[PDB]
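The chain below stands alone and is given as structure tokens, in the form deposited in one PDB entry.
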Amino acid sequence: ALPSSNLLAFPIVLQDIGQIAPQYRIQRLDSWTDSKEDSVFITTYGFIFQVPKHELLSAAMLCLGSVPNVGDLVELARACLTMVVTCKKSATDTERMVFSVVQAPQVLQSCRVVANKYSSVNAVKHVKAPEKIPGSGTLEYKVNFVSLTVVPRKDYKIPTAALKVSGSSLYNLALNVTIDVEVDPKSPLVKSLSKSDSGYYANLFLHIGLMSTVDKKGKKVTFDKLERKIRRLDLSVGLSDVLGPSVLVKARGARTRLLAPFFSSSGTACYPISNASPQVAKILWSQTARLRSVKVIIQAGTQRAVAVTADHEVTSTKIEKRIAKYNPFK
């Protein structure tokens, strides 16, 4: 309380039985290296209505893709509001929400969702409460919040398969991230979070790369050595919105050969929380948040071994500026 974004928890909000002002935010990842070839990543947030004649079922999240870093950004956000979108349930291996673009301004025509006229997304990652969405009827999605992020050719989402690579000659590099969330203590959201005296916070565990267990001359890397490599890697970590709430990791120092594919050639990686942990992602649709702590953790490199081998904590990383505030249009 009281940013207007809190309503994006619907229906898990106090007044759930029975448009207030369209908001927008703009985040630059690197305000010093602005280019016309940078991409503007655009996320919508809003509400699924049943067809007043109009019933509020759920908050929902719709990624548009990107557009070149061209034009005035606040007007690009205004165009996101005049978009007309319909959605139905569907399902493939899981429940899907199919959104259809009915109409959209010309400025949005080069992003993937608008170019394709549709988007089909995992419903548990994109809808607050899919159990609430009828399998039939006439449904509508109303965009009320627009969030744009300008990102330099840091392009860098690790392909999912590479996040699942594993083996007994490897360690799994991972981050134990805790996130403070601002919330009304009488909100039902509060139920699923931890309580400290510093406040309510969420826990996230995130796999960030891989390392070798073994020397150039066969066995075997000492912990001290491993931690020196981690230290040199000199991590910084923030919260962002880049097609959904996202964890940004930046190495300011060199990568080892195994860690190298897990970052762009400029030392950055972007992790969509909605794949990492879908319940944390949806919380952050609605509540302001910032990193409480980030500890870097080493675990064995197969889940079988994770089960029998204790984790090695090393150090904290800096917290690198994790984000924009929602504002009304003026």
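For clarity, a rigid core is taken as the largest C-alpha set superposing within 1.5 Å between two forms. Note that residue numbering begins at 1 and tracks the sequence as displayed. Residues that one form lacks are left out of the comparison.
A second form of this protein, the form deposited in another entry, is not displayed here; the remarks below concern that form.
Considering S293, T33, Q279, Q27, one residue stands apart with a C-alpha shift of at least 2 Å between the shown form and the other one following superposition on the core, and it is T33.
Three angstroms is the minimum change: in that other deposited form, the CA atoms of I179 and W32 sit closer than in this structure, by 3 Å or more. In that other deposited form, the CA atoms of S35 and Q109 move farther apart by at least 3 angstroms compared with the shown structure. Legend: core-fitted overlay between the shown form and the other one; highlighted in sequence order are 31-37, 70-72, 153-155, 253-255, 323-325, the runs of at least 3 consecutive residues with CA shifts of 2 angstroms or more.
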